[PDB]
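What follows is one structure encoded as structure tokens, with my remarks underneath.
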Amino acid sequence: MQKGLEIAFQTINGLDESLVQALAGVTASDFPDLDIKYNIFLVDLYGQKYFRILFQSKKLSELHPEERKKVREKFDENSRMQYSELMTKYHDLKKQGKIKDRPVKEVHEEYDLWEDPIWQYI
């Protein structure tokens with residue numbers, strides 16, 4: 001469990017869709033307060049379309065860099081987690097938790113999203 005920080009995830013292939021939907025379901029279900037400010041949008045440019053997800057908190061502060069790294073590694077591992085746990089925490093979570101599949105937002109050429117972290121690397 002973690003929050004109060006801004007993080008972005010990139011996905012262009014490698015069955016990443018599973019992680020995006022899985023992580024989105026666990027986070028959404030784990031955060032019933034609806035304080036989670038995340039979303040998933042699909043970008044299509046240069047003849048190539050890529051999927052990008054943006055996750056932001058409410059109490060998120062500009063200061064406290066020590067927290068940035070904490071969430072960075074925390075989310076990094078949680079996402080890289082083996083398929084066993086990735087699928088279990090996604091399906092087996094049906095016990096008490098759940099998952100939702102919201103509509104993907106279209107992305108265009110401009111300066112809005114993070115356009116930096118997901119553009120380079122997680």
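Each chain of the structure tokens is named A, B, ... in the order shown, its residues numbered from 1; ligands are numbered from 1 in display order.
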
Per-residue nearest contacts of segment 62-92 of chain A to segment 99-104 of chain A (12 Å; only C-alpha atoms) as JSON lines:
{"residue": "A:89", "atom": "CA", "partner": "A:99", "partner_atom": "CA", "distance": 10.4}
{"residue": "A:90", "atom": "CA", "partner": "A:99", "partner_atom": "CA", "distance": 7.6}
{"residue": "A:91", "atom": "CA", "partner": "A:99", "partner_atom": "CA", "distance": 8.8}
{"residue": "A:92", "atom": "CA", "partner": "A:99", "partner_atom": "CA", "distance": 11.1}

Residues as selected, N, CA, C and O atoms, written as a PDB file, in the first residue's frame, can you do that?
ATOM      1  N   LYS A  89      -3.468 -11.398  -7.302  1.00  0.00           N
ATOM      2  CA  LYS A  89      -3.948 -10.160  -6.700  1.00  0.00           C
ATOM      3  C   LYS A  89      -4.974  -9.479  -7.601  1.00  0.00           C
ATOM      4  O   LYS A  89      -5.610  -8.502  -7.206  1.00  0.00           O
ATOM      5  N   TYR A  90      -5.132 -10.004  -8.812  1.00  0.00           N
ATOM      6  CA  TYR A  90      -6.080  -9.447  -9.768  1.00  0.00           C
ATOM      7  C   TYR A  90      -7.374 -10.253  -9.785  1.00  0.00           C
ATOM      8  O   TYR A  90      -8.471  -9.691  -9.759  1.00  0.00           O
ATOM      9  N   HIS A  91      -7.241 -11.575  -9.828  1.00  0.00           N
ATOM     10  CA  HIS A  91      -8.399 -12.461  -9.846  1.00  0.00           C
ATOM     11  C   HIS A  91      -8.773 -12.896  -8.433  1.00  0.00           C
ATOM     12  O   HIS A  91      -9.904 -12.693  -7.989  1.00  0.00           O
ATOM     13  N   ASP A  92      -7.818 -13.496  -7.732  1.00  0.00           N
ATOM     14  CA  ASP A  92      -8.046 -13.960  -6.368  1.00  0.00           C
ATOM     15  C   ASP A  92      -8.564 -12.825  -5.489  1.00  0.00           C
ATOM     16  O   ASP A  92      -9.156 -13.064  -4.434  1.00  0.00           O
TER      17      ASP A  92
END

### Task
Identify, on the basis of only C-alpha atoms, every residue whose closest approach to residue 19 of chain A does not exceed 10 Å; exclude the query and any residue fewer than 2 positions from it along the same chain; express the result as an NGL selection string.
:A and (11 or 14-17 or 21-25 or 78-81 or 83 or 86-87 or 90)

Quick one: write out the picked residues with N, CA, C and O atoms as an mmCIF file, in the first residue's frame?
data_model
loop_
_atom_site.group_PDB
_atom_site.id
_atom_site.type_symbol
_atom_site.label_atom_id
_atom_site.label_comp_id
_atom_site.auth_asym_id
_atom_site.auth_seq_id
_atom_site.Cartn_x
_atom_site.Cartn_y
_atom_site.Cartn_z
ATOM 1 N N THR A 11 3.261 1.409 -21.197
ATOM 2 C CA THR A 11 2.955 0.076 -21.700
ATOM 3 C C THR A 11 2.741 0.093 -23.209
ATOM 4 O O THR A 11 1.828 0.751 -23.709
ATOM 5 N N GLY A 14 4.067 -6.672 -24.370
ATOM 6 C CA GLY A 14 4.472 -7.588 -23.321
ATOM 7 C C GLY A 14 3.341 -7.911 -22.364
ATOM 8 O O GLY A 14 3.557 -8.047 -21.158
ATOM 9 N N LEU A 15 2.132 -8.032 -22.900
ATOM 10 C CA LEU A 15 0.962 -8.340 -22.085
ATOM 11 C C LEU A 15 0.862 -7.391 -20.896
ATOM 12 O O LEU A 15 0.344 -7.756 -19.839
ATOM 13 N N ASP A 16 1.361 -6.173 -21.073
ATOM 14 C CA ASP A 16 1.325 -5.170 -20.015
ATOM 15 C C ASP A 16 -0.112 -4.819 -19.646
ATOM 16 O O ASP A 16 -0.392 -4.411 -18.520
ATOM 17 N N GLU A 17 -1.020 -4.980 -20.605
ATOM 18 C CA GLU A 17 -2.429 -4.678 -20.381
ATOM 19 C C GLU A 17 -2.930 -5.340 -19.101
ATOM 20 O O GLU A 17 -3.769 -4.786 -18.391
ATOM 21 N N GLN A 21 -4.567 -3.197 -15.994
ATOM 22 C CA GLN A 21 -5.915 -3.493 -15.522
ATOM 23 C C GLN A 21 -5.884 -4.065 -14.110
ATOM 24 O O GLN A 21 -6.703 -3.706 -13.265
ATOM 25 N N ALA A 22 -4.934 -4.960 -13.860
ATOM 26 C CA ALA A 22 -4.794 -5.582 -12.549
ATOM 27 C C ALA A 22 -4.456 -4.545 -11.483
ATOM 28 O O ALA A 22 -5.125 -4.456 -10.453
ATOM 29 N N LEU A 23 -3.412 -3.763 -11.736
ATOM 30 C CA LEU A 23 -2.983 -2.732 -10.798
ATOM 31 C C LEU A 23 -4.075 -1.683 -10.605
ATOM 32 O O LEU A 23 -4.238 -1.137 -9.514
ATOM 33 N N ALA A 24 -4.820 -1.409 -11.670
ATOM 34 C CA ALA A 24 -5.899 -0.431 -11.616
ATOM 35 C C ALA A 24 -7.056 -0.936 -10.762
ATOM 36 O O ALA A 24 -7.719 -0.159 -10.075
ATOM 37 N N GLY A 25 -7.296 -2.242 -10.810
ATOM 38 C CA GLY A 25 -8.375 -2.828 -10.036
ATOM 39 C C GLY A 25 -8.053 -2.904 -8.557
ATOM 40 O O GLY A 25 -8.901 -2.613 -7.714
ATOM 41 N N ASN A 78 6.211 -3.852 -7.151
ATOM 42 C CA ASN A 78 4.824 -4.300 -7.145
ATOM 43 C C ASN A 78 4.344 -4.603 -8.562
ATOM 44 O O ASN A 78 3.618 -5.571 -8.790
ATOM 45 N N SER A 79 4.756 -3.768 -9.511
ATOM 46 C CA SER A 79 4.367 -3.944 -10.906
ATOM 47 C C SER A 79 5.153 -5.082 -11.550
ATOM 48 O O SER A 79 4.592 -5.911 -12.266
ATOM 49 N N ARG A 80 6.456 -5.113 -11.291
ATOM 50 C CA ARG A 80 7.321 -6.147 -11.846
ATOM 51 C C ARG A 80 7.044 -7.496 -11.190
ATOM 52 O O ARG A 80 7.556 -8.527 -11.629
ATOM 53 N N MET A 81 6.233 -7.482 -10.137
ATOM 54 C CA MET A 81 5.889 -8.706 -9.423
ATOM 55 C C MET A 81 5.608 -9.845 -10.397
ATOM 56 O O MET A 81 5.088 -9.624 -11.490
ATOM 57 N N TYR A 83 4.071 -13.027 -12.399
ATOM 58 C CA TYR A 83 2.730 -13.178 -12.951
ATOM 59 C C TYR A 83 1.801 -13.856 -11.949
ATOM 60 O O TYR A 83 0.610 -13.550 -11.883
ATOM 61 N N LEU A 86 0.709 -11.182 -9.717
ATOM 62 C CA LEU A 86 0.037 -10.194 -10.553
ATOM 63 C C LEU A 86 -1.357 -10.671 -10.949
ATOM 64 O O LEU A 86 -2.300 -9.883 -11.003
ATOM 65 N N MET A 87 -1.477 -11.965 -11.222
ATOM 66 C CA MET A 87 -2.757 -12.549 -11.609
ATOM 67 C C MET A 87 -3.599 -12.877 -10.379
ATOM 68 O O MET A 87 -4.820 -12.717 -10.389
ATOM 69 N N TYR A 90 -5.132 -10.004 -8.812
ATOM 70 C CA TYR A 90 -6.080 -9.447 -9.768
ATOM 71 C C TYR A 90 -7.374 -10.253 -9.785
ATOM 72 O O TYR A 90 -8.471 -9.691 -9.759
#

Could you find all residues in chain A that DSSP calls strand (DSSP E) from the backbone, and write them as a compact mmCIF listing (two decimals) with C-alpha atoms, in the first residue's frame?
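Contents of states-v9.txt, freshly written:
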# COMPACT_ATOMS: atom_id res chain seq x y z
CA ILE A 7 3.91 8.17 -10.65
CA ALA A 8 3.47 7.21 -14.30
CA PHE A 9 3.52 3.82 -16.03
CA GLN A 10 4.23 3.04 -19.69
CA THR A 11 2.96 0.08 -21.70
CA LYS A 37 -6.37 10.62 -8.99
CA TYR A 38 -5.29 8.23 -11.74
CA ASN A 39 -6.39 7.34 -15.27
CA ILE A 40 -5.43 5.52 -18.47
CA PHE A 41 -5.11 7.14 -21.90
CA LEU A 42 -4.02 5.84 -25.31
CA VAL A 43 -1.69 7.88 -27.51
CA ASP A 44 -1.34 7.43 -31.27
CA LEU A 45 1.42 9.28 -33.13
CA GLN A 48 2.68 4.05 -33.61
CA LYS A 49 0.20 3.89 -30.73
CA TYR A 50 1.32 3.50 -27.12
CA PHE A 51 -0.55 3.17 -23.82
CA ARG A 52 0.27 5.48 -20.92
CA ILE A 53 -1.18 5.65 -17.41
CA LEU A 54 -1.04 8.59 -15.00
CA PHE A 55 -1.46 8.18 -11.24
CA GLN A 56 -1.55 11.12 -8.84
CA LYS A 105 -8.74 8.69 -23.00
CA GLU A 106 -7.34 9.71 -26.38
CA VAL A 107 -3.96 11.47 -26.36

### Task
Enumerate as a count of residues only all residues of segment 44-82 of chain A assigned to alpha helix (DSSP H) by DSSP on the backbone, naming them with the chain letters and numbers the document uses.
16
